[PDB]
């Protein structure tokens, strides 16, 4: 009745919409696959009208065009998480990066630390009552809507209706630009030998009726392919991808055994191919919720037999875990890695487990092999998951237990799970570091 006039009255072009942004403004984007590409390209196109507009967001599948050097006087990129197309700028010095736990984002917005002048969002078209769906995010996207002084909507009819806190009434949105284009999509990873091995070991720590979290990154997929014998698995996770769909139609994941959000896969956001968005649409077995629910340590602590599984770049001899930087170079963020390490530990049922997984080696550019197991982290790296937070660590060669184990015994476990061709250099490094023989009991048969 009134909502359609409101809608009809606020409909414009991407060009005029981006005129709500003024110099000095903090601008924020909807998360991930809810980033409005037309509303973004419009804003970039009109660069030459802005002076130091902060452009915040997290992981992105767009061109990060605003973070390029040329734009350094119209935009300051201020990432809360980075990705290939925006961490250029943090390295070169004109882009910014803010370390935040993912679950804390909504709060900081409420607090007005992350102040928002213009949130831009992609939502689907209104239903009969005038509620657009974000469909593909919830994360901070819901709080930013309530808190943004101005909200631009890139209404795209390709966006799904997905149950949960995904809804926004047209009355909450200052401008609408109707579009039509496919949503972005990531590639499936190559599940090789190393991938497969990391898989089965994680699969030996998941018991039937486990609830799972599976973070951004390649590795939690080879895991999923190793889970086919599992029964009654449930989901409570930041995100889920195509791998989770396979397991769900293979009858393994059914959430019949959860303590909270019974019968549902509870997620904060979706990223994947179109098979995933289509599956998630109008599906009672999926519910998107805000991150300061999904990622909240207190809430994760309530999950049943929780197995978190995330990835890292390197690990040191104390079990300090580095997941978002290579030396002084910023690469991603904590995102939710720590949120689910904290929550699995606080498990009320006492059964929580967090698994950080990684190949033991990585290739460099000169083609030299390097150990991801190190005496010491790379100069200037950020400790992501601290030694006190550490739990399970997992490579192609095995599992190592960091929880309640001494500095010496952790180093022993990790060396255990390292590429054989590095064990002996790692062993020398042990003895140097700790002023103690690598091998603990000694035999009279020698010296």
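Numbering follows the first chain given and starts at 1.
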- Task: Look over 61-69 and 402-410 in the entry and identify the one with the greater average Cα temperature factor.
- Result: 61-69
- Note on the structure: Of 269-277 vs 115-123, the stretch with the larger average CA B-factor in the entry is 269-277
- Which one, 222, 374, 134, 334, has the peak C-alpha temperature factor per the PDB entry? 222
- Task: Choose from 109, 240, 311, 151 the residue with the greatest Cα B-factor as stated in the PDB record.
- Result: 240
- Report the third (lowest, middle or highest) to which the CA temperature factor of residue 166 belongs, ranking only the modelled residues of the same chain. lowest
- Task: Looking at the entry's B-factor column for C-alpha atoms only, identify whether residue 256 ranks in the lowest, middle or highest third of its chain.
- Result: highest
- Message: Using the temperature factors of the C-alpha atoms in this entry, rank residue 339 within its chain: lowest, middle or highest third.
- Response: lowest
- Message: Where does the C-alpha B-factor of residue 176 rank in its chain, lowest, middle or highest third?
- Response: middle
- Message: What third of the chain does residue 246 rank in for C-alpha temperature factor, lowest, middle or highest?
- Response: highest
